[PDB]
$ cat work.pdb   # PDB, C-alpha atoms (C1' of nucleotides) and all ligand atoms
ATOM      1  CA  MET A   1      48.167 113.491 -16.284  1.00  0.00           C
ATOM      2  CA  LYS A   2      48.753 117.205 -16.077  1.00  0.00           C
ATOM      3  CA  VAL A   3      46.079 119.389 -14.469  1.00  0.00           C
ATOM      4  CA  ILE A   4      45.747 122.965 -13.257  1.00  0.00           C
ATOM      5  CA  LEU A   5      44.616 123.148  -9.628  1.00  0.00           C
ATOM      6  CA  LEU A   6      41.710 125.389  -8.642  1.00  0.00           C
ATOM      7  CA  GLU A   7      42.516 125.175  -4.921  1.00  0.00           C
ATOM      8  CA  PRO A   8      45.328 124.991  -2.392  1.00  0.00           C
ATOM      9  CA  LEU A   9      45.666 121.225  -2.040  1.00  0.00           C
ATOM     10  CA  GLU A  10      47.404 119.226   0.669  1.00  0.00           C
ATOM     11  CA  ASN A  11      50.805 117.904  -0.471  1.00  0.00           C
ATOM     12  CA  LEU A  12      49.772 118.060  -4.118  1.00  0.00           C
ATOM     13  CA  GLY A  13      50.183 121.754  -4.873  1.00  0.00           C
ATOM     14  CA  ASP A  14      49.227 125.415  -4.985  1.00  0.00           C
ATOM     15  CA  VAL A  15      46.226 127.250  -6.417  1.00  0.00           C
ATOM     16  CA  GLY A  16      46.852 128.206 -10.062  1.00  0.00           C
ATOM     17  CA  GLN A  17      49.703 125.688 -10.302  1.00  0.00           C
ATOM     18  CA  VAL A  18      50.130 122.906 -12.879  1.00  0.00           C
ATOM     19  CA  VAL A  19      50.849 119.376 -11.639  1.00  0.00           C
ATOM     20  CA  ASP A  20      51.195 115.779 -12.885  1.00  0.00           C
ATOM     21  CA  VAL A  21      49.069 112.961 -11.417  1.00  0.00           C
ATOM     22  CA  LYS A  22      47.744 109.493 -12.260  1.00  0.00           C
ATOM     23  CA  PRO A  23      44.777 109.686 -14.681  1.00  0.00           C
ATOM     24  CA  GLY A  24      42.115 108.182 -12.417  1.00  0.00           C
ATOM     25  CA  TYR A  25      42.742 110.700  -9.667  1.00  0.00           C
ATOM     26  CA  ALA A  26      42.254 113.536 -12.123  1.00  0.00           C
ATOM     27  CA  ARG A  27      39.279 111.900 -13.796  1.00  0.00           C
ATOM     28  CA  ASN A  28      37.499 110.450 -10.791  1.00  0.00           C
ATOM     29  CA  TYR A  29      38.345 112.748  -7.876  1.00  0.00           C
ATOM     30  CA  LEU A  30      39.797 116.109  -8.769  1.00  0.00           C
ATOM     31  CA  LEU A  31      37.815 117.075 -11.909  1.00  0.00           C
ATOM     32  CA  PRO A  32      34.364 116.072 -10.525  1.00  0.00           C
ATOM     33  CA  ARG A  33      34.948 117.771  -7.172  1.00  0.00           C
ATOM     34  CA  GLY A  34      35.954 120.860  -9.104  1.00  0.00           C
ATOM     35  CA  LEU A  35      39.365 121.117  -7.465  1.00  0.00           C
ATOM     36  CA  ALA A  36      41.089 121.192 -10.871  1.00  0.00           C
ATOM     37  CA  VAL A  37      40.737 121.160 -14.647  1.00  0.00           C
ATOM     38  CA  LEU A  38      42.592 119.437 -17.486  1.00  0.00           C
ATOM     39  CA  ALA A  39      45.950 121.091 -18.101  1.00  0.00           C
ATOM     40  CA  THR A  40      45.007 121.448 -21.765  1.00  0.00           C
ATOM     41  CA  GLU A  41      46.491 123.970 -24.138  1.00  0.00           C
ATOM     42  CA  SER A  42      43.049 125.511 -24.683  1.00  0.00           C
ATOM     43  CA  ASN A  43      42.670 126.600 -21.041  1.00  0.00           C
ATOM     44  CA  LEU A  44      46.398 126.900 -20.457  1.00  0.00           C
ATOM     45  CA  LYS A  45      45.790 130.128 -22.328  1.00  0.00           C
ATOM     46  CA  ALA A  46      43.127 131.023 -19.773  1.00  0.00           C
ATOM     47  CA  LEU A  47      45.578 130.506 -16.900  1.00  0.00           C
ATOM     48  CA  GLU A  48      48.382 132.371 -18.672  1.00  0.00           C
ATOM     49  CA  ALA A  49      46.052 135.282 -19.497  1.00  0.00           C
ATOM     50  CA  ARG A  50      44.690 135.772 -15.950  1.00  0.00           C
ATOM     51  CA  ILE A  51      48.269 135.624 -14.696  1.00  0.00           C
ATOM     52  CA  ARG A  52      48.758 138.551 -17.054  1.00  0.00           C
ATOM     53  CA  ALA A  53      45.686 140.425 -15.774  1.00  0.00           C
ATOM     54  CA  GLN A  54      46.641 139.930 -12.103  1.00  0.00           C
ATOM     55  CA  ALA A  55      50.136 141.147 -12.940  1.00  0.00           C
ATOM     56  CA  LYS A  56      48.621 143.995 -14.917  1.00  0.00           C
ATOM     57  CA  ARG A  57      46.361 145.446 -12.248  1.00  0.00           C
ATOM     58  CA  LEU A  58      48.812 144.833  -9.387  1.00  0.00           C
ATOM     59  CA  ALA A  59      51.845 146.727 -10.694  1.00  0.00           C
ATOM     60  CA  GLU A  60      49.321 149.221 -12.062  1.00  0.00           C
ATOM     61  CA  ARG A  61      48.480 149.861  -8.397  1.00  0.00           C
ATOM     62  CA  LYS A  62      52.141 150.427  -7.514  1.00  0.00           C
ATOM     63  CA  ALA A  63      52.144 152.906 -10.412  1.00  0.00           C
ATOM     64  CA  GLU A  64      49.269 155.131  -9.238  1.00  0.00           C
ATOM     65  CA  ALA A  65      50.448 154.650  -5.642  1.00  0.00           C
ATOM     66  CA  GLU A  66      54.003 155.790  -6.378  1.00  0.00           C
ATOM     67  CA  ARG A  67      52.629 158.717  -8.412  1.00  0.00           C
ATOM     68  CA  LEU A  68      50.653 159.860  -5.366  1.00  0.00           C
ATOM     69  CA  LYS A  69      53.851 159.457  -3.356  1.00  0.00           C
ATOM     70  CA  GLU A  70      55.613 162.020  -5.577  1.00  0.00           C
ATOM     71  CA  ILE A  71      52.706 164.500  -5.342  1.00  0.00           C
ATOM     72  CA  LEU A  72      52.839 164.282  -1.540  1.00  0.00           C
ATOM     73  CA  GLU A  73      56.219 164.189   0.306  1.00  0.00           C
ATOM     74  CA  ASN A  74      56.969 167.319  -1.776  1.00  0.00           C
TER      75      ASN A  74
ATOM     76  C1'   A B   1      53.739  93.361 -60.084  1.00  0.00           C
ATOM     77  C1'   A B   2      56.797  96.876 -62.766  1.00  0.00           C
ATOM     78  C1'   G B   3      57.225  97.585 -68.025  1.00  0.00           C
ATOM     79  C1'   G B   4      54.964  97.594 -73.103  1.00  0.00           C
ATOM     80  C1'   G B   5      50.228  97.790 -76.646  1.00  0.00           C
ATOM     81  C1'   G B   6      45.381  99.704 -76.179  1.00  0.00           C
ATOM     82  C1'   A B   7      40.004 101.922 -74.395  1.00  0.00           C
ATOM     83  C1'   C B   8      38.681 106.226 -72.129  1.00  0.00           C
ATOM     84  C1'   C B   9      40.324 110.849 -70.221  1.00  0.00           C
ATOM     85  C1'   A B  10      39.619 115.679 -65.759  1.00  0.00           C
ATOM     86  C1'   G B  11      40.312 117.127 -62.260  1.00  0.00           C
ATOM     87  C1'   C B  12      38.479 119.504 -57.662  1.00  0.00           C
ATOM     88  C1'   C B  13      36.288 121.051 -52.493  1.00  0.00           C
ATOM     89  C1'   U B  14      37.899 121.420 -47.436  1.00  0.00           C
ATOM     90  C1'   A B  15      40.911 121.317 -42.019  1.00  0.00           C
ATOM     91  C1'   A B  16      44.828 124.311 -39.757  1.00  0.00           C
ATOM     92  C1'   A B  17      47.530 129.716 -39.580  1.00  0.00           C
ATOM     93  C1'   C B  18      45.383 134.754 -39.737  1.00  0.00           C
ATOM     94  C1'   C B  19      41.196 138.119 -40.105  1.00  0.00           C
ATOM     95  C1'   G B  20      35.828 139.491 -39.271  1.00  0.00           C
ATOM     96  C1'   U B  21      30.887 138.778 -37.020  1.00  0.00           C
ATOM     97  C1'   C B  22      26.814 136.484 -34.202  1.00  0.00           C
ATOM     98  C1'   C B  23      26.161 133.670 -29.813  1.00  0.00           C
ATOM     99  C1'   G B  24      27.097 131.715 -24.131  1.00  0.00           C
ATOM    100  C1'   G B  25      30.300 130.470 -20.300  1.00  0.00           C
ATOM    101  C1'   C B  26      32.210 132.476 -15.559  1.00  0.00           C
ATOM    102  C1'   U B  27      37.943 132.469 -13.877  1.00  0.00           C
ATOM    103  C1'   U B  28      35.962 139.714 -17.054  1.00  0.00           C
ATOM    104  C1'   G B  29      38.974 139.746 -21.483  1.00  0.00           C
ATOM    105  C1'   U B  30      44.967 140.586 -25.654  1.00  0.00           C
ATOM    106  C1'   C B  31      39.702 134.923 -22.344  1.00  0.00           C
ATOM    107  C1'   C B  32      38.119 130.055 -23.574  1.00  0.00           C
ATOM    108  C1'   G B  33      34.615 127.987 -26.616  1.00  0.00           C
ATOM    109  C1'   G B  34      30.565 127.009 -30.542  1.00  0.00           C
ATOM    110  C1'   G B  35      28.061 129.088 -35.362  1.00  0.00           C
ATOM    111  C1'   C B  36      28.505 131.603 -40.084  1.00  0.00           C
ATOM    112  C1'   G B  37      31.690 134.436 -43.595  1.00  0.00           C
ATOM    113  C1'   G B  38      36.586 135.791 -45.591  1.00  0.00           C
ATOM    114  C1'   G B  39      41.494 133.623 -46.382  1.00  0.00           C
ATOM    115  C1'   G B  40      43.957 128.595 -47.909  1.00  0.00           C
ATOM    116  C1'   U B  41      44.882 123.762 -50.512  1.00  0.00           C
ATOM    117  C1'   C B  42      50.671 122.272 -51.828  1.00  0.00           C
ATOM    118  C1'   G B  43      55.901 118.286 -52.765  1.00  0.00           C
ATOM    119  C1'   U B  44      59.740 122.159 -58.247  1.00  0.00           C
ATOM    120  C1'   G B  45      57.288 122.106 -50.891  1.00  0.00           C
ATOM    121  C1'   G B  46      52.926 124.926 -50.053  1.00  0.00           C
ATOM    122  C1'   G B  47      50.146 128.364 -47.269  1.00  0.00           C
ATOM    123  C1'   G B  48      49.475 132.624 -43.119  1.00  0.00           C
ATOM    124  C1'   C B  49      51.492 137.134 -41.543  1.00  0.00           C
ATOM    125  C1'   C B  50      55.049 141.663 -42.730  1.00  0.00           C
ATOM    126  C1'   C B  51      57.683 144.869 -46.398  1.00  0.00           C
ATOM    127  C1'   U B  52      58.957 146.285 -52.038  1.00  0.00           C
ATOM    128  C1'   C B  53      57.207 146.039 -56.888  1.00  0.00           C
ATOM    129  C1'   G B  54      53.205 144.100 -60.737  1.00  0.00           C
ATOM    130  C1'   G B  55      47.068 145.166 -61.970  1.00  0.00           C
ATOM    131  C1'   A B  56      41.619 140.786 -68.870  1.00  0.00           C
ATOM    132  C1'   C B  57      42.429 135.747 -70.181  1.00  0.00           C
ATOM    133  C1'   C B  58      40.354 130.963 -68.512  1.00  0.00           C
ATOM    134  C1'   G B  59      35.949 128.406 -66.863  1.00  0.00           C
ATOM    135  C1'   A B  60      32.560 123.966 -64.939  1.00  0.00           C
ATOM    136  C1'   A B  61      30.854 117.719 -63.327  1.00  0.00           C
ATOM    137  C1'   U B  62      25.772 123.395 -61.919  1.00  0.00           C
ATOM    138  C1'   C B  63      21.660 126.024 -64.643  1.00  0.00           C
ATOM    139  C1'   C B  64      19.032 127.505 -69.246  1.00  0.00           C
ATOM    140  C1'   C B  65      18.106 127.013 -74.587  1.00  0.00           C
ATOM    141  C1'   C B  66      18.721 123.859 -79.010  1.00  0.00           C
ATOM    142  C1'   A B  67      20.041 119.705 -82.331  1.00  0.00           C
ATOM    143  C1'   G B  68      19.865 114.605 -82.164  1.00  0.00           C
ATOM    144  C1'   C B  69      17.184 110.255 -80.122  1.00  0.00           C
ATOM    145  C1'   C B  70      12.916 107.318 -77.715  1.00  0.00           C
ATOM    146  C1'   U B  71       7.537 106.722 -76.753  1.00  0.00           C
ATOM    147  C1'   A B  72       2.094 106.413 -82.513  1.00  0.00           C
ATOM    148  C1'   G B  73       3.160 106.580 -87.526  1.00  0.00           C
ATOM    149  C1'   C B  74       3.650 107.836 -93.447  1.00  0.00           C
ATOM    150  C1'   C B  75       5.346 107.753 -98.669  1.00  0.00           C
ATOM    151  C1'   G B  76       7.164 103.892-101.612  1.00  0.00           C
ATOM    152  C1'   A B  77       8.898 101.433-108.959  1.00  0.00           C
ATOM    153  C1'   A B  78       6.918  97.501-112.363  1.00  0.00           C
ATOM    154  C1'   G B  79       1.777  92.309-115.881  1.00  0.00           C
TER     155        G B  79
HETATM  156 MG    MG A 101      49.516  98.063 -66.518  1.00  0.00          MG
HETATM  157 MG    MG A 102      49.689 101.067 -70.404  1.00  0.00          MG
HETATM  158 MG    MG A 103      36.724  99.848 -77.105  1.00  0.00          MG
HETATM  159 MG    MG A 104      36.804 128.808 -31.362  1.00  0.00          MG
HETATM  160 MG    MG A 105      36.661 134.158 -31.153  1.00  0.00          MG
HETATM  161 MG    MG A 106      35.165 132.385 -34.324  1.00  0.00          MG
HETATM  162 MG    MG A 107      57.699 128.575 -46.939  1.00  0.00          MG
HETATM  163 MG    MG A 108      32.547 120.696 -59.295  1.00  0.00          MG
HETATM  164 MG    MG A 109       2.706 100.939 -99.538  1.00  0.00          MG
HETATM  165 MG    MG A 110       3.795  97.689-104.313  1.00  0.00          MG
END

$ encode --input "work.pdb" --output "C-alpha cells"
Amino acid sequence: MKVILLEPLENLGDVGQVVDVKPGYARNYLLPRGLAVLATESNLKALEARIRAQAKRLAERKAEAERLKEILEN
RNA sequence: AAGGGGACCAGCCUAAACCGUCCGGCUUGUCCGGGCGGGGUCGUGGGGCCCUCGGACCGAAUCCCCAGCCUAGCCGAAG
C-alpha cells in the first residue's frame, strides 16, 4: 500500500517521500500516529504542488541574492 | 429463443473533462476537499478544451383553460 510519509522514518524512508508497505501497517500504525497519509491521487497533487512552492521560493532566493551580488562587487 | 403476424408506441435526466461561486481544512495556494450553478450525455463513437467559418424552427410525461365523461335527474307515439 503506497503512502506519503510525513516524517523521517527509520529504515522505511524520507519525509515527503512515497513508499509501499503492507496495508495493516499503513492502516493501523502509520496513519493513526500521523506519520503518513494515503498515497492517493487527490493528495498526490498536494505533495506535488508544495514541491513546486518550495522549489519556487528557493530558487527565487538565489535570484534576488544573485541580483544583489551584481549590484555589489561592482 | 431468433424470426414472422399483431396491440400499443416515446423517449429522456445525470456522473466525469473544463469553467464559475459560496464554504472549511492546515501542509498557504496554480492546494485538497464539500455545496450550488454553467457545460455534457454518445457507438455513424461522443463530449471538454483551442483555432477558422455559420447565427428561427421544434417542444413536453409539467402547468393552465376547455370539450367529453361520472356522481341526482327529465321529455317520451297510440283504445
Ligand atoms: Mg417476438
Ligand atoms: Mg413482432
Ligand atoms: Mg387489442
Ligand atoms: Mg472538489
Ligand atoms: Mg475548487
Ligand atoms: Mg467546486
Ligand atoms: Mg473525439
Ligand atoms: Mg420529462
Ligand atoms: Mg313518461
Ligand atoms: Mg305511455

$ atom_distance --input "work.pdb" --atom1 "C1' of residue 24 in chain B" --atom2 "CA of residue 39 in chain A"
22.5 Å

$ closest_residue --input "work.pdb" --among "A:3, A:19, A:44, A:38" --to "chain B" --atoms "all atoms listed in the file"
A:44

$ residues_near_ligand --input "work.pdb" --ligand "ligand MG 109 (chain A)" --cutoff "12 Å" --atoms "all atoms listed in the file" --output "ChimeraX atom specification"
/B:74-77

$ interface_residues --input "work.pdb" --of "chain B" --to "chain A" --cutoff "8 Å" --atoms "only C-alpha atoms (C1' of nucleotides)" --output "ChimeraX atom specification"
/B:27,31-32

$ residues_around --input "work.pdb" --residues "residue 49 in chain B" --least-positions-apart "2" --cutoff "12 Å" --atoms "only C-alpha atoms (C1' of nucleotides)" --output "PyMOL selection string"
chain B and resi 17-19+39+47+51

$ resolve_selection --input "work.pdb" --expression "the PyMOL selection byres (((chain A and resi 18) around 9) and not hetatm)" --output "list in words"
residues 2, 3, 4, 5, 13, 14, 15, 16, 17, 19, 20 and 39 of chain A

$ residues_near_point --input "work.pdb" --point "(36.5, 125.3, -47.7)" --cutoff "10 Å" --atoms "only C-alpha atoms (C1' of nucleotides)" --output "ChimeraX atom specification"
/B:13-15,39-41

$ residues_near_ligand --input "work.pdb" --ligand "ligand MG 105 (chain A)" --cutoff "12 Å" --atoms "all atoms listed in the file" --output "NGL selection string"
:B and (19-23 or 29-35)

$ write_last_selection --input "work.pdb" --atoms "C-alpha atoms (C1' of nucleotides)" --output "PDB file, keeping the file's coordinate frame"
ATOM      1  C1'   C B  19      41.196 138.119 -40.105  1.00  0.00           C
ATOM      2  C1'   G B  20      35.828 139.491 -39.271  1.00  0.00           C
ATOM      3  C1'   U B  21      30.887 138.778 -37.020  1.00  0.00           C
ATOM      4  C1'   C B  22      26.814 136.484 -34.202  1.00  0.00           C
ATOM      5  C1'   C B  23      26.161 133.670 -29.813  1.00  0.00           C
ATOM      6  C1'   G B  29      38.974 139.746 -21.483  1.00  0.00           C
ATOM      7  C1'   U B  30      44.967 140.586 -25.654  1.00  0.00           C
ATOM      8  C1'   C B  31      39.702 134.923 -22.344  1.00  0.00           C
ATOM      9  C1'   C B  32      38.119 130.055 -23.574  1.00  0.00           C
ATOM     10  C1'   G B  33      34.615 127.987 -26.616  1.00  0.00           C
ATOM     11  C1'   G B  34      30.565 127.009 -30.542  1.00  0.00           C
ATOM     12  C1'   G B  35      28.061 129.088 -35.362  1.00  0.00           C
TER      13        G B  35
END

$ residues_near_ligand --input "work.pdb" --ligand "ligand MG 107 (chain A)" --cutoff "10 Å" --atoms "only C-alpha atoms (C1' of nucleotides) and all ligand atoms" --output "PDB file with C-alpha atoms (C1' of nucleotides), keeping the file's coordinate frame"
ATOM      1  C1'   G B  45      57.288 122.106 -50.891  1.00  0.00           C
ATOM      2  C1'   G B  46      52.926 124.926 -50.053  1.00  0.00           C
ATOM      3  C1'   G B  47      50.146 128.364 -47.269  1.00  0.00           C
ATOM      4  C1'   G B  48      49.475 132.624 -43.119  1.00  0.00           C
TER       5        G B  48
END

$ resolve_selection --input "work.pdb" --expression "the PyMOL selection byres (((not hetatm)) within 12 of (chain A and resi 103))" --output "PDB file with C-alpha atoms (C1' of nucleotides), keeping the file's coordinate frame"
ATOM      1  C1'   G B   6      45.381  99.704 -76.179  1.00  0.00           C
ATOM      2  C1'   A B   7      40.004 101.922 -74.395  1.00  0.00           C
ATOM      3  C1'   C B   8      38.681 106.226 -72.129  1.00  0.00           C
TER       4        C B   8
END

$ resolve_selection --input "work.pdb" --expression "the PyMOL selection byres (((not hetatm)) within 9 of (chain A and resi 102))" --output "list in words"
residues 3, 4, 5 and 6 of chain B

$ atom_distance --input "work.pdb" --atom1 "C1' of residue 61 in chain B" --atom2 "atom MG of ligand MG 108 (chain A)"
5.3 Å

$ atom_distance --input "work.pdb" --atom1 "CA of residue 36 in chain A" --atom2 "CA of residue 8 in chain A"
10.2 Å

$ closest_residue --input "work.pdb" --among "B:11, B:59, B:37, B:54" --to "ligand MG 106 (chain A)" --atoms "all atoms listed in the file"
B:37

$ axis_aligned_box --input "work.pdb" --around "range 4-15 of chain A" --padding-each-side "5 Å" --output "JSON"
{"center_x": 46.3, "center_y": 122.6, "center_z": -6.3, "size_x": 19.1, "size_y": 19.3, "size_z": 23.9}

$ closest_residue --input "work.pdb" --among "B:66, B:26, B:57, B:36" --to "ligand MG 106 (chain A)" --atoms "all atoms listed in the file"
B:36

$ closest_residue --input "work.pdb" --among "B:62, B:71, B:44, B:28" --to "ligand MG 108 (chain A)" --atoms "all atoms listed in the file"
B:62
